[PDB]
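# Residue-level structural notes
Take a look at the letters that make up each chain.
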Number of protein chains: 2
Amino acid sequence: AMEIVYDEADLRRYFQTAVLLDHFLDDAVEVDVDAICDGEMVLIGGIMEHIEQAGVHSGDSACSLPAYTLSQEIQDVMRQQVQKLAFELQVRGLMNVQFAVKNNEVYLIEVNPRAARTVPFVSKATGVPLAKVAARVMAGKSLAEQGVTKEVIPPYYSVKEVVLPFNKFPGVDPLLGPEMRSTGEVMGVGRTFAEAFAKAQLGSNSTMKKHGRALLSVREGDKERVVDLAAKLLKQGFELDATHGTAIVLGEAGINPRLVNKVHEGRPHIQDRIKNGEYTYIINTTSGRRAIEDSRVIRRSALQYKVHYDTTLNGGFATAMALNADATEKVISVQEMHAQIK
Amino acid sequence: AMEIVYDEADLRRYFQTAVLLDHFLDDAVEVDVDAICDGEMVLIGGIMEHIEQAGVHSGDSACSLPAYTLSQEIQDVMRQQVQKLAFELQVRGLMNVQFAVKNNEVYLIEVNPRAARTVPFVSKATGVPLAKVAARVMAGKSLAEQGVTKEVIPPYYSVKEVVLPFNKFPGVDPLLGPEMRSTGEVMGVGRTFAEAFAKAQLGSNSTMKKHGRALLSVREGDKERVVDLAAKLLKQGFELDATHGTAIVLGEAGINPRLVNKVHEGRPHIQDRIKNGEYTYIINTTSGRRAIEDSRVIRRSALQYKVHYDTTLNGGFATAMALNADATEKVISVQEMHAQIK
Ligand SMILES: Nc1ncnc2c1ncn2[C@@H]1O[C@H](COP(=O)(O)OP(=O)(O)O)[C@@H](O)[C@H]1O
Ligand SMILES: Nc1ncnc2c1ncn2[C@@H]1O[C@H](COP(=O)(O)OP(=O)(O)O)[C@@H](O)[C@H]1O
Ligand SMILES: NCCC[C@H](N)C(=O)O
Ligand SMILES: NCCC[C@H](N)C(=O)O
Ligand SMILES: [Cl-]
Ligand SMILES: [Cl-]
Ligand SMILES: [Cl-]
Ligand SMILES: [Cl-]
Ligand SMILES: [Cl-]
Ligand SMILES: [Cl-]
Ligand SMILES: [K+]
Ligand SMILES: [K+]
Ligand SMILES: [K+]
Ligand SMILES: [K+]
Ligand SMILES: [Mn+2]
Ligand SMILES: [Mn+2]
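Residues numbered from 1 in each chain as written, not as in the entry; some residues may be left out. Chains lettered and ligands numbered in written order. Part of a larger assembly, values for the part shown. Heavy atoms only, no water.

At this site the potassium ion (ligand 11) is bound by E30 of chain A (OE), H50 of chain A (ND1), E52 of chain A (O), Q53 of chain A (O), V56 of chain A (O) and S61 of chain A (OG), with donor distances of 2.5 to 2.9 Å. Each of the 6 donor atoms around the potassium ion (ligand 11) contributes to a set of angles spanning 68 to 148 degrees, which defines the coordination as irregular. (Donors = N, O, S within 2.8 Å, 3.2 Å for Na, K, Ca; no water. Tetrahedral: all angles 85-135°; square planar, octahedral: opposite > 155°, others 65-115°.)

Okay, structure coming up:
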């Protein structure tokens, strides 16, 4: 059990119901790196960039290989960083390192000196059977001896998306957090990140549509960025709805959504609309044990009514991007994929 | 002093701060009628339809001669009612009667057996010097004897608008009510009601513009009709702004105004927007002691910053209409006006 606390008040509050204390890196990109070390050298297996920010368990985040927003310069550091750790730790076989990029700064989140649940994905995107190689390494067959020394950079985009069990347990708030709840994953392969994401999304059993009405209800820290997402949705032909606070923000930017009522506000309220199959998309971000408990109804309703909803703005942008793509336009086989690797 | 209470809880409330008790005829048209009685006949001097509904002092309402919404059917009833009263009370010279029209029903508000303040306006509008006629009657000369027996209905519209002294007392909430506060009045002469109104409004020192951003903030009972007003402003080239409840109603109408924060809501709020010159027009209607007190800021700011504002929906519609006119287009003299009368 983990939780994020925001203020002194919040602290106590936890303490009641409720030990390491760690500063939470707000508005940070989460990254996964799987690598192999034989003592001599380090082979970077894969650099995965999470769609959802740090604070949403790696295990529940979608991720891209290669990174789709991060700088080469920045990867390069993580890369250097891993190597440093691999030797220091005296890693012999697989390892996994988790970072967080904040303001062009790399923070270390944790190191797993073992095989991580990402390996099969990486193995598949890159064509390198990371598990076998690392096994060989463990048995006494260097990377050099194996002929696997260069880091592989795929020609295409591989996106990993998760599948959550919320629908089996309705009483639960289908919301993301620092604790992993997903049961499985899918993979999307595309020429563009948008394509890959689009395939991954569909694969995960998404009910996202390419038209209709979107509901925008984001948190403070998101009010600023939501503008561009709304514009993307609008460009896509979506019609918009927004809860007061968010409507305020959009409007000041030149975007007037239809104002919708919260539950305690009037009628109809979002629930009604959700229930009536009024929306095809919901973007809902929150921040705070209270704000969360208060918005629970949006999420439960959406899940219950099969409306695709995102609980992260990052996730929403990705959803938006994927709108430009067509998951059924092109298929490729694993063999072909790997045949493409130089 | 007069007040309008809305519920039992309101009654006590008043009672505390605080007797005739009169049912208040909501959503009613107020009308003024000026006439002369010589004991033999009754001469109708003028039937004036107010713009502001009953509840807004006749002395502070703009009015039209002739009526601009009242059925002939209904005016005739009032004419008959004025004759009945003239004779009964034994009027000898001028009189004035105030009615309220609710649901095609004529209600009597009051009778003033003397010369009323509308007398000069009616004389100007009609070319008949009612004070001179009534004076001769008082002195012995009948209406028949003077050759003034038929009611005059002029070929043009005459609109009277008032000027309020609120600008001299900034602490005062510049809102209309059952008690008179105006100091003066002007008259507008037009081929249409919109033209007369335009001239009257301009004559009243109104800062109304034919373009810009308007702010809508209306009460419950007006939410229905506000849509049509919002559209009308739309047709004109105005951009809209609105507070929560209003925005809600407009949204349901397909009109998406730019949301605006009530003062307790956040920012920016109306005050800021008004203070920063955002608006060129304001329509703000309120009902209830409490609601009024709360909205005080809007009105006080609108006045301080010189934005044209209406405190009645009837007023806003009139304003709406006038936009279709040009008060400088044509001018006519009283001599000319009077020669047009048959
Ligand atoms: N300091 C931190 N700031 C922001 N997010 C963090 C921080 N520490 C952990 N997280 C988030 O919590 C998740 C779980 O943290 P982690 O230490 O890796 O736990 P686990 O052992 O369950 O894998 C991460 O994948 C990340 O999204
Ligand atoms: N019962 C009522 N329903 C609606 N409006 C009314 C009612 N009684 C009076 N009014 C409003 O109050 C105003 C003033 O009332 P009135 O009886 O004419 O007093 P005054 O002596 O000031 O002329 C009217 O012009 C009208 O707007
Ligand atoms: N990557 C986890 C799934 C994301 C889900 N649509 C959500 O935004 O909550
Ligand atoms: N005839 C009354 C003046 C109108 C003013 N603009 C108001 O509506 O309050
Ligand atoms: Cl359950
Ligand atoms: Cl679709
Ligand atoms: Cl926030
Ligand atoms: Cl004052
Ligand atoms: Cl203008
Ligand atoms: Cl009301
Ligand atoms: K994450
Ligand atoms: K761990
Ligand atoms: K009136
Ligand atoms: K009176
Ligand atoms: Mn972890
Ligand atoms: Mn009166």
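There's more to say after this.
Time to look at the interface of chain A and chain B. Tallying the contact residues gives 15 residues for chain A and 15 residues for chain B. Between chain A and chain B lies a buried interface of about 1,200 Å² when both sides are counted; carbon and sulfur atoms form 54% of it. When the area that chain A buries against chain B is broken down by residue, the three leading residues are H244, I248 and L259 of chain A, summing to 43%. Viewed at the interface, chain B and chain A are joined by 1 salt bridge. The partner of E252 of chain B in a salt bridge is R273 of chain A, with the nearest N and O atoms 3.6 Å apart. Run the count over chain A and chain B and you get 5 residue pairs in polar contact. (Contact = heavy atoms within 4.5 Å. Buried area = accessible area lost by both parts, 1.4 Å probe. Salt bridge = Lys/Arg side-chain N within 4 Å of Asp/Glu carboxyl O. Polar contact = N/O pair within 3.5 Å; in protein donor to acceptor, adjacent residues only side chain to side chain.)

In this section: the coordination of the manganese ion (ligand 15). Residue and element names in this part refer to chain A. Looking at the manganese ion (ligand 15), one finds its protein donor set to be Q98 (OE1) and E110 (OE), positioned 2.1 to 2.3 Å from the metal centre. The metal-metal distance between the manganese ion (ligand 15) and the potassium ion (ligand 12) is 4.1 Å, with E110 coordinating both. Remark: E110 occurs in strand β5 (residues 106–112) and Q98 occurs in strand β4 (residues 93–101); sequence separation between them is 12 residues. Residue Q98 is classed as buried on the basis of its relative accessible area of 8%. (Helix = DSSP H or I, 4+ residues; strand = E, 2+ residues; numbered from the N terminus. Buried < 20%, exposed > 50% of the residue type's maximum accessible area, 1.4 Å probe, protein only.)

What follows concerns the domain arrangement of chain A. Residues and elements named next belong to chain A. Assigned domains within chain A: domain 1 (26–205) and domain 2 (206–311). With centres defined by C-alpha atoms, the gap from domain 1 to domain 2 works out at 31 Å. On the domain 2 side, the residues contacting the 15 residues of domain 1 number 13 residues. Here domain 1 meets domain 2 over a buried area of about 1,100 Å², counting both sides, of which 46% is carbon and sulfur. Where domain 1 touches domain 2, the interface holds 2 salt bridges. Residue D173 pairs with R299 through a salt bridge whose shortest N-O separation is 2.7 Å. Along the contact surface separating domain 1 from domain 2 lie 5 residue pairs in polar contact. Each residue belonging to the side of domain 1 that touches domain 2 can be placed in one class, and the counts come to 7 nonpolar, 6 polar and 2 charged. (Domains from an automatic or database assignment. Nonpolar A, V, L, I, M, F, W, Y, C, P; charged D, E, K, R; others polar.)

Attention now goes to the sheet that holds strand β11 (residues 281–284) of chain B. What links the strands of a sheet is backbone hydrogen bonding, and the strands pair in either a parallel or an antiparallel sense. All names here are of chain B. The strand order across the open sheet built from 5 strands is β10-β9-β8-β11-β12, with neighbouring strands paired in parallel fashion. Of all the strands in the sheet, the pair left with one neighbour each is β10 (258–260) and β12 (308–310). Adjacent strand axes in the sheet meet at a mean angle of 25 degrees, parallel and antiparallel pairs treated alike. Pairing between strand β8 (residues 212–217) and β11: 4 bridges, direction parallel. Within β11, the residue paired with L215 across the bridge is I282. (Pairing = 2+ DSSP bridges. Axes fitted to C-alpha atoms, helices over the stretch in contact; angles between N-to-C directions.)

Next up on the list: unusual backbone geometry. All names here are of chain A. With omega at 5 degrees, the peptide bond leading from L65 into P66 counts as cis. Positionally, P66 belongs in the loop between β3 (63–65) and α2 (72–88). If you check the backbone angles, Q90 has positive phi at about 70 degrees while not being a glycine.

Residues and elements named next belong to chain A. Surrounding ligand 3, one finds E52, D60, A62, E161, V162, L164, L176, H308, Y309, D310 and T311. Within the side chain of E52, an N or O atom sits 2.8 Å from a nitrogen atom of ligand 3. The side chain of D310 places a nitrogen or oxygen atom 3.3 Å from a nitrogen atom of ligand 3. Here ligand 3, which alone exposes 290 Å², has 91% of that area covered by the protein. When contributions to the shell around ligand 3 are tallied by element, the ones reaching two or more residues are β6 (157–163) and β12 (308–310). If one sorts the elements of the shell around ligand 3 by residue count, β12 sits on top with 3 residues. When grouped by side-chain class, the residues that make up the shell around ligand 3 number 5 nonpolar, 2 polar and 4 charged. Mapping the shell around ligand 3 onto the domain boundaries places at least three of its residues in each of domain 1 (26–205) and domain 2 (206–311). (Near = heavy atom within 4 Å. Areas by Shrake-Rupley, 256 points an atom, 1.4 Å probe, with all protein chains shown as cover.)

Right, let's talk about the sheet that holds β12 of chain A for a bit. Residue and element names in this part refer to chain A. One open sheet holds the 5 strands; their spatial order is β10-β9-β8-β11-β12, and the pairing between them is parallel. Bordering the open sheet on either side are β10 (258–260) and β12, each of which pairs with just one other strand. Within the sheet, the average angular offset between the axes of one strand and its neighbour, ignoring direction, is 25 degrees.

Turning our eyes to something else, we now look at the packing of helix α8 (residues 226–235) of chain A against helix α12 (residues 313–321) of chain A. All names here are of chain A. Between α8 and α12, whose axes approach to 10 Å, the crossing angle comes to 25 degrees. For the element pair α8 / α12, the angle class is roughly parallel. At the point where α8 passes α12, the crossing takes the left-handed sense. Facing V226, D228, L229 and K232 of α8, the residues of α12 in contact are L313, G316, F317 and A320. Looking at the contact of α8 with α12 residue by residue, the class counts come to 5 nonpolar, 1 polar and 2 charged. (Parallel < 35°, antiparallel > 145°, perpendicular 65-115°, else oblique. Left-handed = near helix turned anticlockwise from the far one by under 90°.)

Residue and element names in this part refer to chain B. Inspection of every chain in the model, using the stated rule, returns 8 aromatic pairs over all chains. Ring geometry for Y157 versus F193: centroids 6.2 Å apart, planes at 75 degrees, classification edge-to-face. One end of the pair, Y157, is in strand β6 (residues 157–163); the other, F193, is in helix α6 (residues 193–203), with 36 residues separating them in the sequence. (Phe/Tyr/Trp six-rings, centres within 6.5 Å; stacked < 30°, edge-to-face > 60°.)

With that settled, the discussion passes to the packing of α8 of chain A against helix α9 (residues 244–252) of chain A. Residue and element names in this part refer to chain A. Remark: α8 packs on α9, axes separated minimally by 10 Å, with the N-to-C direction vectors making an angle of 80 degrees. Overall, the two elements α8 and α9 adopt an arrangement that is roughly perpendicular. Seen from α8, the contacting residues are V226, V227 and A230; seen from α9, they are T246, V249 and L250. Its residues assigned to classes, the contact of α8 with α9 comprises 5 nonpolar, 1 polar and no charged.

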